[PDB]
Amino acid sequence: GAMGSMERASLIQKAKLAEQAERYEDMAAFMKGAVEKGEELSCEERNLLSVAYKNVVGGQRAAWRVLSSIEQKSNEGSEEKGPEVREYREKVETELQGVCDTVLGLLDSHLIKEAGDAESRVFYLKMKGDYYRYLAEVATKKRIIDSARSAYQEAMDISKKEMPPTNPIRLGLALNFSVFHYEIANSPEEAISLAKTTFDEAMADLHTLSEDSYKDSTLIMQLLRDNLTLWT
Amino acid sequence: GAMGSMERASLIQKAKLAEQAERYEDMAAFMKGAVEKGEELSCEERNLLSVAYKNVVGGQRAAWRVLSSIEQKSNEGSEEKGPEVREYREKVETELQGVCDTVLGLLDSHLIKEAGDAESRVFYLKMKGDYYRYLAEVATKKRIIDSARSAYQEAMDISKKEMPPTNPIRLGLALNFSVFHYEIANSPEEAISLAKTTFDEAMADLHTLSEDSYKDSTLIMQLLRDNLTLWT
Amino acid sequence: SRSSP
Amino acid sequence: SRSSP
Ligand SMILES: [Cl-]
Ligand SMILES: [Cl-]
Ligand SMILES: [Cl-]
Ligand SMILES: [Cl-]
Ligand SMILES: [Mg+2]
Ligand SMILES: [Mg+2]
Ligand SMILES: [Mg+2]
Ligand SMILES: [Mg+2]
């Protein structure tokens, strides 16, 4: 693609500049170019990839929710206003699905298959679950939900065998899988149980950590607690 | 272009949806399509056009300032990091210039020449000054500065003859021309004099206004006052 | 519901 | 410097 002529290191450098400038679409394009060089990604590079696409899809998701709410209101004594709301919601939806397909394509060709260390493999499988979850949010679907579930479950199995309960990747995975259960899979009890168990097992391991690792882990634990407060 | 097949009214409807969804690039594309239908724009439609492009160029300007600051720092005991900062600053700059050229092109073909009422003509000439001012911010230039000045001056001459001193378009024009003087033309005394005179003449006309018009005018007067506090 | 950063 | 809304 358009980044094929740029050095890998220059793409990474420009992704970091784009982040500082809050130019997340550019950041994502640079990171896609870096992945397509075919080398594995370091921890910092994986995080740049994730930040870029999370911000892009996050804006699309927020826009889709605004438009979907307007569309649902129009379908209630509501005056007919024509096809425009549906058309524009569909436009945003299609762009969102395209970004998710792009991310899933990078994971399948060939990030996941080359990822052997637990930290990288869990990271990518969590991403796979996340982007199928975003597809599920707009789908009208069973197979998409099962794809998200399967990716999260494989990531969970590796993380529980290979990572301590305070590891931030393990914690963020459990957080997002719990959101999947609550918001996608119609399984609030599973969501609550997973969040509780994850929080409690991390609590019991905090004593092993340095001050800086403690800060990293407790930040994500607080998100688990915030959700439990909302859900119970 | 790509909006040629969409009804004018549908483009306007979708611009309003895009605004609600904070999808300003889409909003600008819809409004460009509406302008290109060739009919004059109503007051509400002019405001949609302005909101859309102001938000698009505002994000580009903020990004350009971040990148320009990094570039200037690199050009001080600074370690050489290669061409990437300059290249990416240039990329953002070129996109910003393209948006400004697009807006100026809509004004020249044919919004300004068909605008006969003071409210529309002043609005468009103010826009012309603004987008030349944004070009001047990145130029390295005298002719661009003179183009901005000339557009603002024609708008000022009409506004002083045809509009009351509290009119929000007249006030916003004077505000932006004062910013031009301070930030672009190296004329802080002219900026201060214009802001002071504009504020004082509006103050003396507030007694003529309804409660709602008073709120509209005093909002912009406060911006003049904020700048005077910064500048003096 | 909050998801990961 | 603040410009117009
Ligand atoms: Cl559309
Ligand atoms: Cl396991
Ligand atoms: Cl570039
Ligand atoms: Cl005059
Ligand atoms: Mg190379
Ligand atoms: Mg490997
Ligand atoms: Mg028609
Ligand atoms: Mg006319």
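Residue 1 is the first one shown; counting continues down the chain.
Determination method: X-ray crystallography, 1.3 Å.
Here the Cβ of each residue, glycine as well, is placed from N, Cα and C on the backbone.
As annotated in Swiss-Prot, phosphoserine applies, among A:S10, A:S69, A:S109, A:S150, to A:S10. A:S10 (phosphoserine) and A:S78 (phosphoserine) are 53 Å apart (CA-CA, integer value).
In this structure, the modified residues A:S10, A:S78 were compared by how many other Cβ atoms lie within 10 Å of their Cβ, and the smallest count belongs to A:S78. With 3 residues not built between them, A:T140 and A:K141 have C-alpha atoms separated by a whole-number distance of 6 Å. Minimal Cβ crowding within 10 Å, among the recorded sites A:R61, A:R133, is found at A:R61.
Taken residue by residue with DSSP, A:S78 (phosphoserine) is part of neither helix nor strand, so it is coil. Each of the recorded positions A:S10, A:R61, A:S78, A:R133 was checked for a CB under 8 angstroms from a CB of chain B; the ones meeting this are A:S10. The separation of A:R133 (site 'Interaction with phosphoserine on interacting protein') from A:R61 (site 'Interaction with phosphoserine on interacting protein'), Cα to Cα, is 11 Å. Separation of the C-alpha atoms of A:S10 (phosphoserine) and A:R133 (site 'Interaction with phosphoserine on interacting protein'): 32 Å, rounded to the nearest whole number.
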